[PDB]
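Next up, model39.cif (mmCIF, C-alpha atoms):
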data_start
loop_
_atom_site.label_atom_id
_atom_site.label_comp_id
_atom_site.auth_asym_id
_atom_site.auth_seq_id
_atom_site.Cartn_x
_atom_site.Cartn_y
_atom_site.Cartn_z
CA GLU Y 16 4.85 -14.93 3.14
CA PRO Y 17 4.25 -11.17 3.47
CA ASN Y 18 5.70 -8.65 1.03
CA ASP Y 19 9.52 -8.44 1.41
CA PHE Y 20 9.57 -4.65 0.97
CA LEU Y 21 6.86 -4.28 3.63
CA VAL Y 22 8.79 -6.43 6.11
CA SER Y 23 11.87 -4.32 5.35
CA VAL Y 24 10.27 -0.99 6.23
CA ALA Y 25 7.91 -2.11 8.98
CA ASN Y 26 10.29 -0.56 11.54
CA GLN Y 27 9.49 2.85 10.06
CA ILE Y 28 5.77 2.77 10.91
CA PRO Y 29 4.89 4.36 14.31
CA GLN Y 30 2.71 2.10 16.47
CA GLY Y 31 -0.94 2.73 15.70
CA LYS Y 32 -3.58 2.06 13.05
CA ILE Y 33 -2.40 0.73 9.68
CA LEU Y 34 -4.73 0.59 6.65
CA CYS Y 35 -4.05 -1.99 3.91
CA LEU Y 36 -5.52 -1.12 0.50
CA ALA Y 37 -6.90 -4.06 -1.47
CA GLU Y 38 -4.75 -6.40 0.65
CA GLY Y 39 -6.99 -9.38 -0.15
CA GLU Y 40 -4.84 -12.23 1.19
CA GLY Y 41 -4.22 -11.18 4.77
CA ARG Y 42 -0.56 -12.18 4.88
CA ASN Y 43 0.63 -8.54 5.09
CA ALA Y 44 -2.12 -7.48 7.50
CA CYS Y 45 -1.51 -10.44 9.85
CA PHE Y 46 2.23 -9.90 9.51
CA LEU Y 47 1.88 -6.30 10.68
CA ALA Y 48 -0.64 -7.21 13.38
CA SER Y 49 1.96 -9.65 14.71
CA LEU Y 50 4.25 -6.61 15.24
CA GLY Y 51 1.75 -4.82 17.48
CA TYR Y 52 -0.18 -2.69 14.95
CA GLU Y 53 -3.97 -2.19 14.70
CA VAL Y 54 -4.60 -3.18 11.09
CA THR Y 55 -7.62 -2.69 8.87
CA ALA Y 56 -7.54 -4.92 5.79
CA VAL Y 57 -9.67 -3.39 3.03
CA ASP Y 58 -10.56 -5.55 0.05
CA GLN Y 59 -13.51 -6.05 -2.31
CA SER Y 60 -13.76 -9.86 -2.38
CA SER Y 61 -15.66 -11.26 0.60
CA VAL Y 62 -13.90 -14.54 -0.19
CA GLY Y 63 -10.53 -12.90 0.47
CA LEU Y 64 -11.54 -10.88 3.51
CA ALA Y 65 -13.06 -14.07 4.90
CA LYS Y 66 -9.78 -15.92 4.37
CA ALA Y 67 -7.94 -12.96 5.93
CA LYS Y 68 -9.90 -13.44 9.16
CA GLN Y 69 -9.10 -17.15 9.19
CA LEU Y 70 -5.38 -16.52 8.74
CA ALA Y 71 -5.57 -14.06 11.64
CA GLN Y 72 -7.27 -16.67 13.84
CA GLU Y 73 -4.47 -19.12 13.02
CA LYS Y 74 -1.61 -16.63 13.37
CA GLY Y 75 -3.07 -15.51 16.70
CA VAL Y 76 -3.72 -11.88 15.82
CA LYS Y 77 -6.94 -10.14 16.89
CA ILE Y 78 -6.49 -7.68 14.03
CA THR Y 79 -8.30 -7.96 10.70
CA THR Y 80 -10.98 -5.30 10.51
CA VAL Y 81 -12.27 -6.21 7.03
CA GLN Y 82 -13.94 -3.79 4.58
CA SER Y 83 -15.38 -3.24 1.08
CA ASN Y 84 -14.11 -1.91 -2.27
CA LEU Y 85 -11.99 1.21 -2.93
CA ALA Y 86 -14.08 3.01 -5.56
CA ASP Y 87 -16.31 4.91 -3.12
CA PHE Y 88 -14.00 4.59 -0.12
CA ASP Y 89 -12.85 7.43 2.11
CA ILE Y 90 -10.58 7.52 5.15
CA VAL Y 91 -10.84 9.73 8.19
CA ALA Y 92 -8.27 12.52 8.24
CA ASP Y 93 -5.33 12.24 10.63
CA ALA Y 94 -6.23 8.78 11.90
CA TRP Y 95 -3.62 6.42 10.42
CA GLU Y 96 0.02 5.83 11.33
CA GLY Y 97 0.39 3.91 8.08
CA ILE Y 98 -1.39 3.21 4.78
CA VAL Y 99 0.01 0.39 2.61
CA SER Y 100 -0.51 -0.18 -1.11
CA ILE Y 101 1.15 -3.40 -2.29
CA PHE Y 102 0.43 -4.12 -5.96
CA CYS Y 103 -2.78 -2.11 -5.68
CA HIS Y 104 -3.05 -0.80 -9.26
CA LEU Y 105 -5.71 1.74 -10.17
CA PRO Y 106 -6.52 4.02 -13.11
CA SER Y 107 -5.14 7.57 -12.99
CA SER Y 108 -8.66 8.92 -12.46
CA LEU Y 109 -9.03 6.83 -9.31
CA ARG Y 110 -5.56 7.60 -7.88
CA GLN Y 111 -6.36 11.31 -8.32
CA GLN Y 112 -9.33 10.73 -6.01
CA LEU Y 113 -7.82 8.25 -3.52
CA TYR Y 114 -4.29 9.57 -2.91
CA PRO Y 115 -5.46 12.99 -1.67
CA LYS Y 116 -7.49 11.18 1.02
CA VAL Y 117 -4.49 8.95 1.71
CA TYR Y 118 -2.27 11.97 2.28
CA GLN Y 119 -4.91 13.52 4.57
CA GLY Y 120 -5.69 10.24 6.32
CA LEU Y 121 -2.11 10.01 7.58
CA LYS Y 122 -1.23 11.45 10.99
CA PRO Y 123 1.92 13.59 11.15
CA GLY Y 124 4.88 11.21 11.16
CA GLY Y 125 2.75 8.47 9.64
CA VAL Y 126 3.97 6.63 6.57
CA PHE Y 127 2.69 5.52 3.18
CA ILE Y 128 4.29 2.44 1.72
CA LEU Y 129 3.88 1.34 -1.87
CA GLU Y 130 5.18 -1.47 -4.00
CA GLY Y 131 3.94 -2.09 -7.50
CA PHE Y 132 4.87 -2.70 -11.11
CA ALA Y 133 6.77 -0.03 -13.05
CA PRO Y 134 5.65 0.93 -16.59
CA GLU Y 135 8.47 -1.15 -18.11
CA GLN Y 136 6.73 -4.21 -16.63
CA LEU Y 137 4.77 -4.32 -19.88
CA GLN Y 138 7.89 -5.81 -21.46
CA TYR Y 139 7.57 -8.80 -19.10
CA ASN Y 140 5.01 -11.60 -18.88
CA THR Y 141 5.22 -12.00 -15.11
CA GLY Y 142 2.02 -10.16 -14.29
CA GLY Y 143 0.46 -6.77 -13.73
CA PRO Y 144 -2.03 -4.73 -15.79
CA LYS Y 145 -1.57 -4.18 -19.54
CA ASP Y 146 -2.97 -0.62 -19.49
CA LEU Y 147 -0.20 1.92 -18.99
CA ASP Y 148 -2.73 4.12 -17.20
CA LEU Y 149 -2.44 1.83 -14.18
CA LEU Y 150 1.36 1.77 -14.46
CA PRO Y 151 2.51 5.35 -13.66
CA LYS Y 152 6.20 6.14 -13.28
CA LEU Y 153 7.74 6.57 -9.83
CA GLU Y 154 7.86 10.36 -10.21
CA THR Y 155 4.19 10.54 -11.25
CA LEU Y 156 3.13 8.67 -8.10
CA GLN Y 157 5.28 10.98 -6.00
CA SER Y 158 3.60 14.06 -7.53
CA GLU Y 159 0.27 12.60 -6.40
CA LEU Y 160 1.44 12.94 -2.75
CA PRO Y 161 3.87 15.94 -3.14
CA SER Y 162 4.05 17.04 0.47
CA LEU Y 163 5.26 13.69 1.70
CA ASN Y 164 8.90 13.17 2.65
CA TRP Y 165 10.12 10.25 0.54
CA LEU Y 166 12.41 8.18 2.73
CA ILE Y 167 12.73 5.55 -0.06
CA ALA Y 168 12.01 5.74 -3.79
CA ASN Y 169 13.37 2.87 -5.85
CA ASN Y 170 13.04 1.86 -9.49
CA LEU Y 171 13.99 -1.80 -9.75
CA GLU Y 172 14.45 -4.09 -12.72
CA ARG Y 173 15.51 -7.72 -12.60
CA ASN Y 174 15.73 -10.21 -15.50
CA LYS Y 184 11.93 -11.04 -13.69
CA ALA Y 185 10.02 -7.79 -13.23
CA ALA Y 186 10.10 -3.98 -13.18
CA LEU Y 187 9.02 -2.56 -9.83
CA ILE Y 188 8.72 0.73 -8.01
CA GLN Y 189 9.09 0.99 -4.24
CA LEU Y 190 8.12 4.00 -2.17
CA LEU Y 191 8.15 4.93 1.50
CA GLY Y 192 6.71 8.40 2.08
CA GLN Y 193 6.44 10.03 5.50
CA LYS Y 194 4.09 12.89 6.39
CA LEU Y 195 5.93 15.83 7.93
CA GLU Y 196 5.67 16.92 11.57
CA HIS Y 197 3.93 20.18 12.55
#

Would it be possible to restate this file's structure as structure tokens?
Amino acid sequence: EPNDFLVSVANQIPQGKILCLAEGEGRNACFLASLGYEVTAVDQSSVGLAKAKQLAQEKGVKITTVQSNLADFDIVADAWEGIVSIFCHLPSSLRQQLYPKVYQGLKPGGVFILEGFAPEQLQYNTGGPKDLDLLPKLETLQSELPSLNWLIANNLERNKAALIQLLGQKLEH
């Protein structure tokens, strides 16, 4: 059961290396790997990364390059066709550090996909962080990756959850 938004925009990611931020599970990574991508699942819990490998072995995908945490993590510039952040919530101070490396890590034409709780999610009891610092508005996230071409930018509310969905593509030279 991979993320529905991710399965909906998978066709927008050029074949190549895809990096999943704090993907823990392995359902999104294995889902993408089943499409022909070279995925690197990065998570902090060795218990999750270990279960990610097992799911890969069962789903028949030789793609699950595990990793560590995100705090002191850096990605090689122009090396990824896609970088996915599904419900990967971080404090403003950390997004200010990460996102710039995310923008630079993306090859021209590569995409950045995000799905997470909107600030109004605080009015619901269906999950997500309580600190508004980890719940930036859709426009604030966009300003953290300004040079990207936003193919999709949705603010959704159902009542139940408040979500933001983004698909940003790095321009061609």

Item to complete: For each of Y:130, Y:196, Y:135, Y:16, take the minimum atom-to-atom distance to residue 167 (chain Y), counting all atoms listed in the file, then give the residue where this is smallest.
Response: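 For residue 167 (chain Y), the nearest of the candidates is Y:130.
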
Discussion item. Can you spell out as a list in words the set of residues that the PyMOL selection byres ((chain Y and resi 71) around 10) selects in the structure I just provided?
Written reply: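 Selection result, ordered by chain and number: residues 41, 42, 44, 45, 46, 48, 49, 66, 67, 68, 69, 70, 72, 73, 74, 75, 76, 77, 78 and 79 of chain Y.
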
Discussion item. Report, in Å with one decimal, the straight-line distance from CA of residue 26 (chain Y) to CA of residue 119 (chain Y).
Written reply: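 These atoms are spaced 21.9 Å apart.
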
Worksheet entry | Expected residue set, 7 Å radius at (-14.1, -0.7, 0.9), only C-alpha atoms, as a count of residues only | 8

Discussion item. Under the rule that only C-alpha atoms are counted, which of Y:81, Y:101, Y:90, Y:191 is the nearest residue to residue 124 (chain Y)?
Written reply: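 Counting only C-alpha atoms, the residue closest to residue 124 (chain Y) is Y:191.
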
Item to complete: Return the single residue from Y:165, Y:102, Y:114, Y:132 that is closest to residue 152 (chain Y), with distances computed using only C-alpha atoms.
Response: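 The shortest atom-to-atom distance to residue 152 (chain Y) comes from Y:132.
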
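Across the model, the gap from CA of residue 103 (chain Y) to CA of residue 120 (chain Y) is 17.5 Å.
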
Worksheet item: For residue 32 (chain Y), which residue among Y:133, Y:99, Y:86, Y:62 is the nearest when counting only C-alpha atoms?
Response: Y:99

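Minimum atom-to-atom distance to residue 137 (chain Y), evaluated using all atoms listed in the file, belongs to Y:187 out of Y:105, Y:36, Y:187, Y:56.
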